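As a starting point, one isolated chain is supplied in structure tokens, in the form deposited in one PDB entry.
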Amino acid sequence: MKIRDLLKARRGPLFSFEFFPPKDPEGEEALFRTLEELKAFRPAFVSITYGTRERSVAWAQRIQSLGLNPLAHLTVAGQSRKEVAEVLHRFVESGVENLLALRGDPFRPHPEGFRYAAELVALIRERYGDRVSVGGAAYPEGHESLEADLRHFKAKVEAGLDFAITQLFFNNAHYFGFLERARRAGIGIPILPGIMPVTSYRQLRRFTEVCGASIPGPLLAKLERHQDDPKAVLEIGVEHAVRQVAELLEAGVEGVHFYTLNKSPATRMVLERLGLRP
């Protein structure tokens, strides 16, 4: 089912899961076993982050074969326009109905490639129109100004987005604040909050330096005073994500997208502790 339609269907909040490319063959089999277990939570869609162009088409097929609904990540970084159109064709031919159009981390484009995620959105709409559902990344904490960032989002939405999924955040006020900039800019599409519980102290450099997320003071303090206790970090991260999602659901979000480490049960723990395992 197209995510556009799943969102209109209004049958409670949608819970989605994003996993990561497996490290080795046994990790890939453990990832698809974990996907089979995940049917317990009735996930509205599942994805594996895209670098592995041929692997990702086969993963989309494997997810389908499990009776799950794949969201295929497609990036424009380090590919020609022809290369990106080819992977696009391969996904939709395989029965993929849902695409997440991303620029990719490094920015300097491939010399015969696209520069902006909006160009990939426009390509999909040119080739497939409304036969597919297309999402893009939203950045509640931005990167230039938040105002310039929001104009770049508006542009991408207007290229033909059906929905957006946020970058991970730990401070819900930043997500609500992005939704308010979007409303003032006339953006009405569904914007799903993305949540990654802190599972280890090592992650905080990635989160701040790479993903640009901010760590609220009360969370940062608890983490850095327990920084050498892996069990403590995990409990701090799950508790923080439980409180975040509890407030997001009270604020009528249409769903929550969970960034899940392949081996980590944290996202499953968050939904169990909220009483949301069916």
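By rigid core we mean the largest C-alpha set that fits within 1.5 Å across both forms. Don't overthink the numbering: it's just position in the shown sequence, from 1.
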**Report entry** Which of 34 to 42 and 232 to 240 strays further in 4 other deposited structures of this protein - Cα RMS after rigid core alignment
**Finding:** 34 to 42
Requested in this report: Between 160 to 168 and 201 to 209, report the one with more C-alpha displacement in 4 other deposited structures of this protein relative to this form after a rigid core superposition.
Outcome: 201 to 209
Query - Deposited residues lacking coordinates between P111 and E112 (none, 1 to 3, 4 to 9, 10 or more) - result: none
Report task. Might you work out how many residues are unmodelled in the deposited sequence between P218 and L219, and answer none, 1 to 3, 4 to 9, or 10 or more? Result -> none
Report summary line: Comparing mean C-alpha B factor in the record for 10 to 18 and 255 to 263, the higher one is 10 to 18
Query raised in the report: Taking the recorded C-alpha temperature factors, which stretch has the higher mean, 77 to 85 or 178 to 186?
Result: 77 to 85
Query raised in the report: From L35, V238, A232, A58, which pick has the Cα B-factor that tops the rest in the entry?
Result: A232
Query raised in the report: Among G212, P43, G67, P70, which carries the highest Cα B-factor?
Result: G212
Query raised in the report: Going by what the PDB entry lists, where does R151 fall on CA B-factor within its chain: lowest, middle or highest third?
Result: lowest
**Report entry** Position of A30 among the chain's modelled residues by C-alpha B-factor, lowest, middle or highest third
**Finding:** middle
Query - Within-chain third of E97 by Cα B-factor, per the entry - result: middle
Report task. Would you please rank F169 by its C-alpha temperature factor against the other modelled residues of its chain and give the third it falls in: lowest, middle or highest? Result -> lowest
Requested in this report: Please rank the C-alpha B-factors of the chain's modelled residues and tell me whether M196 sits in the lowest, middle or highest third.
Outcome: lowest
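The same protein has a further form, the form solved in complex with a small molecule, not shown here; the description that follows concerns it.
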**Report entry** Contact stretch among 181 to 189, 166 to 174, 81 to 89, 125 to 133 - heavy atom within 4.5 Å of the small molecule in the entry with it bound
**Finding:** 166 to 174
Query raised in the report: Is it true that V57, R62 and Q64 each have at least one non-hydrogen atom within 4.5 Å of the small molecule in the entry with it bound?
Result: no
Query raised in the report: Which residue among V210, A246, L220, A40 has a heavy atom within 4.5 angstroms of the small molecule in the entry with it bound?
Result: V210
Query raised in the report: Is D105 close enough to touch the small molecule in the entry with it bound, meaning at least one heavy atom pair within 4.5 Å?
Result: yes
Query raised in the report: Can you check whether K263 is within 4.5 Å of the small molecule in the entry with it bound, heavy atom basis?
Result: no
Query raised in the report: Even though the small molecule is not shown here, does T34 get within 4.5 Å of it in the entry with it bound, heavy atoms only?
Result: no
Query raised in the report: Hey, in the entry with it bound, is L99 touching the small molecule, heavy atoms inside 4.5 Å?
Result: no
